[PDB]
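In the structure tokens that follow, the same protein chain appears in two forms, which are kept apart as structure 1 and structure 2.
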Structure 1
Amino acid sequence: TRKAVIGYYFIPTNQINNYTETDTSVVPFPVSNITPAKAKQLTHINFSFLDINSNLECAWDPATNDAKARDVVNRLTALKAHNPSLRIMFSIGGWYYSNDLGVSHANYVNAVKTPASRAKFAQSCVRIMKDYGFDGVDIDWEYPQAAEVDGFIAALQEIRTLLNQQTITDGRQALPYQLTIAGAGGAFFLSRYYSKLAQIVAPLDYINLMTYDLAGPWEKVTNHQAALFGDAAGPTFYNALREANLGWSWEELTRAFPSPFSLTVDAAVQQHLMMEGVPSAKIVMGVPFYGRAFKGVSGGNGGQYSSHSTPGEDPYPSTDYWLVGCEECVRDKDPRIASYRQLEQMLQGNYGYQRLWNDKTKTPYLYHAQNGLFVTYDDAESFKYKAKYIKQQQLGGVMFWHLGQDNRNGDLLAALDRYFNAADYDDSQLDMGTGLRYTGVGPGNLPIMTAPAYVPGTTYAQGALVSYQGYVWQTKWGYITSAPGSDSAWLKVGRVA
């Protein structure tokens, strides 16, 4: 089956209001950049972002000029003409609107509270979808927590049943309306709703993992923001998943979530597959079309894993724009982040950056020896290893943030589409490296094991293995005369074939 290539397209309210396709200083990446050929390279385009208002309904930023809004959305849906399988989704949320301290957080929390609120909210979603010509709904709430999860789940199920009904009504069987969500790509944020992944992913066509921003100025050590696999030399973190209300024993939590561990894309992907009820075909690996910059980095190792003098606040607190050659940073007032387009132009501008590569993480990075600068980003090369990882692990596909950050030619998007569909591209021999793989094993992804059936009245020595009621259990100590199961003496280690 074809792999999904979901490209979020972010366009600020301000830009929508002053929309033009002839003034790169106003709209840096207009829709006019996506040609029929480029449209053919995508399966989904996720317009970002819509939000939830105080009325507990899906809506545009009130400051948005509606007519200009519909116009931007029209240029996008027009692309469907050049791709019968292309879907134009709209995403609700985004870090700014939905984070705990986001301006609209209460709206997300409140909308999902009751059957009534969920019905009204879900209905507003379908209205908006049909009103502007979208093909599905994507929720990017970062992120539901504690008591919020069940509501969130009920909301997703509700939206689902409505979409499915709309599909029938609109006779859209050939291109069903879809529901997706952008999920956390790191254990910390993932720990919030992890225990209920299955229920959450159940009504979805895809869960888009935000496997990036796994490094940044808000961390004390420089590192790759999207390492595919781990580098022992890089930092590690406490595995927040073992703080999730799972009901697993100490042993289970320990074997499921090793810690410390390398925060990588592989880890996020594996942590999702660990859970029972989470199909890999629904998992979509996210990749960044932007890089994150650090300053005050010590030399000796390309700027990797170094202490740094980079502010972690938001917004950027100074007026000092130290990312050499990043004019985009000056315009946007943040030297800590830059689009691939800008980064590429920087490597083009002979500014002193060296383009380095980590063979463990399988990602590139820039080192400015002179100014002590470090940039972590992804490119067509790192995407090769990730595209193959997607095939190998049989994931639903690839997602990226975001379309407007690709170079004018759209090399990043073309690469992705190429690695999955091009007849003349061949990665059968691409070596995935020796980077550290996430090997947590939880009661959900238990391996098939073989052991004599348990025998009542028998006393077992420590480390003894037996099969009982569909599983292979092992004793954590000796003289155990209890049966495998509820009692704490036995550890479920495998599944009975």
Structure 2
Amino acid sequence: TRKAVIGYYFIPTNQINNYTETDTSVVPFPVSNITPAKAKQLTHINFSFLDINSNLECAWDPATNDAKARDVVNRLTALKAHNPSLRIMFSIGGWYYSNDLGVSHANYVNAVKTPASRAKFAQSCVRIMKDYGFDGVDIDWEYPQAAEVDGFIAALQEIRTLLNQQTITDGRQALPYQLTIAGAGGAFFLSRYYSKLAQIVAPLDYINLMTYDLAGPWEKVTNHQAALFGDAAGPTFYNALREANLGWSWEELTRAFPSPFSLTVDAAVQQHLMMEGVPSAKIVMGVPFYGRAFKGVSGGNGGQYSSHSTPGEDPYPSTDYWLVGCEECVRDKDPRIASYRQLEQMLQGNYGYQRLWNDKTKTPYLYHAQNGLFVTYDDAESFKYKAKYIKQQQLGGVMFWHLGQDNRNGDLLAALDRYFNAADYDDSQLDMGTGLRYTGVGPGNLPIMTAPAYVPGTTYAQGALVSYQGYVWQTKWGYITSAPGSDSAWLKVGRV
């Protein structure tokens, strides 16, 4: 099965209301830049962002010029002429609109509260999809909290029901309408709904993990924002998942969630696979097409794992654009983020940057020794390892934020497509390194094992293994006189 390649196309309301394909000053990345070749390398384009209004319905930004909006969307859907597998999805949410303190947060909370609120919300998602010509719905609520999860789940189910009916009604069996969500790519936010991952994922074609922003100025120690594997020399974090409402035992929690642990792309993917009912084929790995920059770093590790003096607040609470060479940072008034396109130019401009490589995390980074700058980002090389991991772990594919950040030749997207589909690319010898892998074991990723069948009447010593009801179990202490599943002394450690 072809791996999914999901790229966000983000466009601000002001750029839509002023849409142009001839003036990068107003619209830096017009649809016209997605050439036929890029169109064939993508399987999905997530148009972003729409929101949920006080009427509790899916809707565009109130200031959007609907006529200009329709025209932008029509240019995207026209790209399907170049690739019959392409879907132009639309995304509702995003950090700005849906975070706890975001402008429209109450609407997300409220929209999923009742059967009637959900019905109306779901119906609006499909009407918007049909009216503008989209091929599916992606929800990016960052993020529902424990008490809102059941409602969120019911809303996704409602949408799934309506989309499946629409697919039949429109004769889209060949390219069914889809439903996806952008999911947390780190344990802190993931712990919000982790206990009910199976229910959340059931109605989706894909859960796109935002496995990036795993480091940033809000953290005290500089770090890679999307390390594939862990580096013992880098910071470690509290494993928030051991506090999710799983209802598991101490041994179960401890073996699934070692803490502290390395916040990596591999950790997030494995944490999802540990849950029963979360198929690997639905898990999509997100990657960033931008880097995060820090100032005030020390030496000795090329800028890595250093204290820094970068403001973590948003918006950027200053006017000092200190990321040397970053012209884009000036137009966007923030030196803490830089598109791969801009980073590539910075590197070729003799601005004092050195490109270093961390072979544990399998990610690149820039170090500016003169000014004390550090930049964590991804490139075509880090993408070789991530693509090989996606194939080995049998994941659904890759997702990225965002298309306007790739260079002019579209190298990052082309690389991803190459790694999955080129007949002449062979990564069989690609060395995945010795970086730290996440080793938790949960219900959904237990090893296959064998053991004598449990025998009613037998007394078992500590450490004894038996098979019962399809699993292999082990005793936590001795003189166990009752069966696995009835006597708490047993720990499920293997399957089949």
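Just so we're on the same page, residue numbers count up from 1 along structure 1's sequence. We call the rigid core whatever largest set of C-alpha positions still superposes within 1.5 Å between the two forms.
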**Study point:** Identity of the moved residue from 56, 466, 39, 59, C-alpha shift 2 angstroms or more, core fit between structures 1 and 2
**Key:** 466
Practice item. Would you kindly give the rotation angle of the smaller rigid part between structures 1 and 2, in degrees? Key: 7
**Study point:** Core superposition result - C-alpha of residue 21, shift between structures 1 and 2, Å
**Key:** 0.9
Review point. So if we fit the rigid core, how much does the CA of residue 484 shift between structures 1 and 2, in Å?
Key: 3.4
Study note, to complete from the structure: Once the two forms are overlaid on the core, the CA atom of residue 457 shifts between structures 1 and 2, in angstrom, by 5.0
